[PDB]
Structures are given as C-alpha cells and as structure tokens.
C-alpha cells in the first residue's frame, strides 16, 4: 500500500516522489517555509531549524552570520560577497581609495593606515612619515563564510514502479 505524505497527509500515488527527514512527500508538498520553493527540484537538500523547513538560501539568510561594513557601518547579509582587509569587511562598492575614490579590485596593490584605504598611485607618503607595506586585494568572499551541515537534510528522489532511485 502507498506511503502517506508528511506535507498533506494524503496517500502518494505519484510515479515520482521524495524521501526526506524520514518521511515521504509529494514533491509539490515539500516546500520552503519562507519562499515556497519546491525543494526537491531547486536543489538536493533542505534545512530544518526552529520549526521550519528551508531552502539553502533562506537558511543562510535567516541563520547565517551577517556582518557589517567597516566603511559605511551598514549590515551585510550572509549571502553578500564582501571585500576583506586587516580584519574588516566591506561592501564591494565601499572598498575604495580614500584619496582618488577609485574602487579597488582583486589583484590591485593598496595601502591601509588606520582604516583608510589607498590605491597604489596614492601612496600616502605624508602619513607614512606600517602603512609602508603594499598589499594585494584578494578575491571577494561570502559574508557568511563556511557553515556546518548539522541542520542539512538530503532529499532523495524515488520512483514508484506501480521504490527505486531516480
């Protein structure tokens, strides 16, 4: 006899169905609590936390480590790429030379003195007489960084040949 869907309570007569969180589901019934996406089609896993079943992006958004821009002071979502320097994070558009206002990009040479950024061609000689050191702009990284998989629950797609992997 058919399995019951944990999402709707109904028997699952569909040819293809999902297994996740120890339960069977109609694919349409396994949805992100926040954005309603159909988890089994958009990706390979779900996240469980605080009564919710979430897609990866909303899990990051609601529970990942957000930060704040050292230049403008405003929060940075976990999902946003940031520039890094001397232990600070910056909005990409905030990562600019304090003298000429050029936006600094990966591979650029730059100087840092007491929070102020300077491009290679605006070396602040007057200030320098630790800022003498030339640094290389790194690639942008995600604000949230790496996170553990302890709330991740893989989704398995199954075929009922009326149960086999898909």
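Residue numbers count along the first chain shown, from 1.
Item to complete: Could you bin the unmodelled part of the deposited chain lying between residue 162 and residue 163 as none, 1 to 3, 4 to 9, or 10 or more?
Response: Some 4 to 9 residues are missing between them.
Fill in: Where residue 129 meets residue 130 in the shown sequence, the number of deposited residues left unmodelled
The entry has 10 or more unmodelled residues between residue 129 and residue 130.
Practice prompt. Determine, for stretches 6-14 and 145-153, which one has the higher mean CA B-factor as deposited.
Written response: Per the PDB entry, the higher value belongs to 145-153.
Worksheet item: If you average the CA temperature factors over each stretch, which comes out higher, 31-39 or 98-106?
Response: Per the PDB record, 98-106.
Worksheet item: Can you tell me which of 113, 52, 60, 137 has the highest Cα temperature factor in the record?
Response: Largest recorded C-alpha B-factor: 113.
Discussion item. What third of the chain does residue 70 rank in for C-alpha temperature factor, lowest, middle or highest?
Written reply: Its C-alpha B-factor, which the entry lists for residue 70, ranks in the middle third among residues of this chain.
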